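Residue-level structural notes
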Amino acid sequence: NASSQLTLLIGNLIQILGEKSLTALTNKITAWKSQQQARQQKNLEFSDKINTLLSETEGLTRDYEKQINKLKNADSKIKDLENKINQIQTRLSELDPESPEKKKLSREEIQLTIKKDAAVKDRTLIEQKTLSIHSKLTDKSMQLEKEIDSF
């Protein structure tokens, strides 16, 4: 233990040489001790914080990936509801102007439309979360800089 050895050393020197002639060194040693203790405080604090930021970053990375996948499925559901609607819309155009089945297809198209509007909504929500998570990751990079700058 450097500190304890140092205490013994200056103690020993003072024994023979007297404290008056060594006051300056004695004072320097006090400063050193103090610095060492502050550096040990910072070291521990930084270590804990880095561990936290890291773990937090990993969690948010997983969240980001999970949401990105969710958002792809959402664009799918939509590209599929757009198909059913166009399909049906084409089918309705070519429909015998009456006809016995027009009434029903028209009701299916209002339904696919209601579903597609709700899926566009839900999509934007997911996209928002994605972007939000990305923002939180950016916050983690800011927090990291903060810690480094005050080390």
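The next subject is the packing of helix α2 (residues 23–93) against helix α3 (residues 102–149). Working note: a packed helix pair is described by the angle between its axes plus the distance between those axes. Look at α2 against α3: their axes get within 8 Å of each other, and the N-to-C directions meet at 160 degrees. Classified by the interaxial angle, the pair formed by α2 and α3 is roughly antiparallel. Relative to α3, the crossing made by α2 is left-handed. For the contact of α2 with α3, a count of residues per class yields 22 nonpolar, 9 polar and 21 charged.

UniProt records the feature "coiled-coil region" at residues 31–151, using the numbering of this structure. Helix makes up 92% of residues 31–151 and strand 0%, with an end-to-end C-alpha separation of 19 Å.

A word on the pattern of salt bridges. Across all of its chains, the model carries 5 salt bridges by this definition. Residue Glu-127 pairs with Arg-123 through a salt bridge whose shortest N-O separation is 2.5 Å. Here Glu-127 pairs with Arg-123, and both are found in helix α3, just 4 residues apart, close to one helical turn. Notably, a salt bridge pairs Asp-139 with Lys-140, separated by 3.7 Å at the nearest N-O pair. Taken together, the shared-partner salt bridges in this structure form one network comprising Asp-75, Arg-123 and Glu-127.

Next up on the list: the nonpolar core. In terms of nonpolar packing, the biggest core is built from 9 residues, these being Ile-78, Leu-81, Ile-85, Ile-88, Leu-92, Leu-95, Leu-105, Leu-112 and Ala-119. The set of elements that each furnish at least two residues to this core consists of α2 and α3. The dominant element in this core, judged by the number of residues it contributes, is α2, at 5 residues.

Moving on to the packing of aromatic side chains. Using the criterion set out here, one finds 1 aromatic pair in the structure. Plain terms: the ring middles of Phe-46 and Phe-151 are 5.2 Å apart, the flat faces sit at 70 degrees to each other, and that makes the pair edge-to-face. Pair noted here: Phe-46 is in helix α2 and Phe-151 is in the segment after α3, with a separation of 105 residues, a long-range link. Relative accessible area serves as the criterion here: at 21%, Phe-46 is assigned to the partly exposed category. Judged by its relative accessible area of 53%, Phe-151 falls in the exposed class.

Looking now at the environment of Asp-122. Position of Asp-122 relative to the elements: it lies in helix α3. Given the relative accessible area of 42%, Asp-122 is considered partly exposed. Sequence separation between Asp-122 and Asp-63 is 59 residues, and the spatial gap between their C-alpha atoms is 17 Å.

With that settled, the discussion passes to the packing of helix α1 (residues 2–17) against α2. The contact between α1 and α2 brings their axes to 11 Å, and the two run at 170 degrees. As judged from the angle between their axes, α1 and α2 are roughly antiparallel. Contact residues: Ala-2, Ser-3, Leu-6, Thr-7, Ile-10, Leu-13 and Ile-14 in α1; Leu-25, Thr-26, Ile-29, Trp-32 and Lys-33 in α2. Tallied by class, the residues present in the contact of α1 with α2 amount to 8 nonpolar, 3 polar and 1 charged.

Conventions and cut-offs
- Residues numbered from 1 in each chain as written, not as in the entry; some residues may be left out.
- Heavy atoms only, no water.
- Axes fitted to C-alpha atoms, helices over the stretch in contact; angles between N-to-C directions.
- Helix = DSSP H or I, 4+ residues; strand = E, 2+ residues; numbered from the N terminus.
- Parallel < 35°, antiparallel > 145°, perpendicular 65-115°, else oblique.
- Left-handed = near helix turned anticlockwise from the far one by under 90°.
- Nonpolar A, V, L, I, M, F, W, Y, C, P; charged D, E, K, R; others polar.
- UniProt positions renumbered as here; feature names shortened; annotations may be inferred.
- Salt bridge = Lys/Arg side-chain N within 4 Å of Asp/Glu carboxyl O.
- Core = buried A, V, L, I, M, F, W, Y, C linked by side-chain atoms within 4.5 Å.
- Buried < 20%, exposed > 50% of the residue type's maximum accessible area, 1.4 Å probe, protein only.
- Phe/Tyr/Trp six-rings, centres within 6.5 Å; stacked < 30°, edge-to-face > 60°.
- Contact = heavy atoms within 4.5 Å.

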